[PDB]
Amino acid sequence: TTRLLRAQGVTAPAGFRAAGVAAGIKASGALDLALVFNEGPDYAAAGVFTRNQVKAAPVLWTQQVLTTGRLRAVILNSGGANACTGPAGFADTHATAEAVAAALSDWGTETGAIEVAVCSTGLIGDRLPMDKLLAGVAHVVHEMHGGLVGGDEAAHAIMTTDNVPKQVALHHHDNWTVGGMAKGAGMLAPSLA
């Protein structure tokens, strides 16, 4: 009996931890930083991205990262797209991946930046508040777990103009699972490659 179920997300399959924290990127103090972490033993990955010719620094970083087919973690922030922010914007994405890789190494799993995917979402053109973001990174590596509430928080944290989060998980009868979260409510017409 294969089953597809809502109220379940990225920590439904085994081998994943997740969390969401309020970092102060959002003036509202709502959740805005999410981490998804691959426990192993495998780290296989694939990615598709906006075919928009104007690509945000996070999209540019994550495309290079995915040529390896290898990911240990995804770090995602709401409250700012980090789009149209130039080389300095790109340096901010790089430093986010780097802080994520350092925090996870300290925590007890050797990780390099090249194994960290980075996403952002929010307003175009604004610079990220790095001190707040980098404090959130430290925090979220410490809160991550495989419990369904971990997925919930990651899912809440990526929201911008969404009112409810989006999660689903397909439990296959052969005992493997696909889990997923999504966000987006406006500027919503994906064209992916």
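Numbering starts at 1 and follows the sequence shown.
Asks: Would you determine, from the values in the PDB entry, which of 18 to 26 and 179 to 187 has the greater average C-alpha temperature factor?
Replies: It is 18 to 26.
Asks: As stated in the PDB record, which stretch has the larger average Cα B-factor, 89 to 97 or 106 to 114?
Replies: Between 89 to 97 and 106 to 114, it is 106 to 114.
Asks: Using only the C-alpha B-factors in the record, can you name which of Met130, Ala46, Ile158, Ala57 has the highest?
Replies: Comparing C-alpha B-factors across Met130, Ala46, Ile158, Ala57, the maximum falls on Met130.
Asks: Which third of the chain holds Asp32 when residues are ordered by C-alpha B factor: lowest, middle or highest?
Replies: Its C-alpha B-factor, which the entry lists for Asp32, ranks in the middle third among residues of this chain.
Asks: Using the B-factors in the PDB entry, rank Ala73's C-alpha atom against the chain and give the third, lowest, middle or highest.
Replies: Middle third, going by the recorded CA B-factors of the chain.
Asks: Splitting the chain's C-alpha B-factors into thirds, which one does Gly147 fall into?
Replies: CA B-factor rank for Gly147: middle third.
Asks: Based on the entry's values, in what third of the chain does the Cα temperature factor of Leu134 lie: lowest, middle or highest?
Replies: Its C-alpha B-factor, which the entry lists for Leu134, ranks in the highest third among residues of this chain.
Asks: In terms of the chain's CA B-factor thirds, is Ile124 lowest, middle or highest?
Replies: Top third by C-alpha B-factor.
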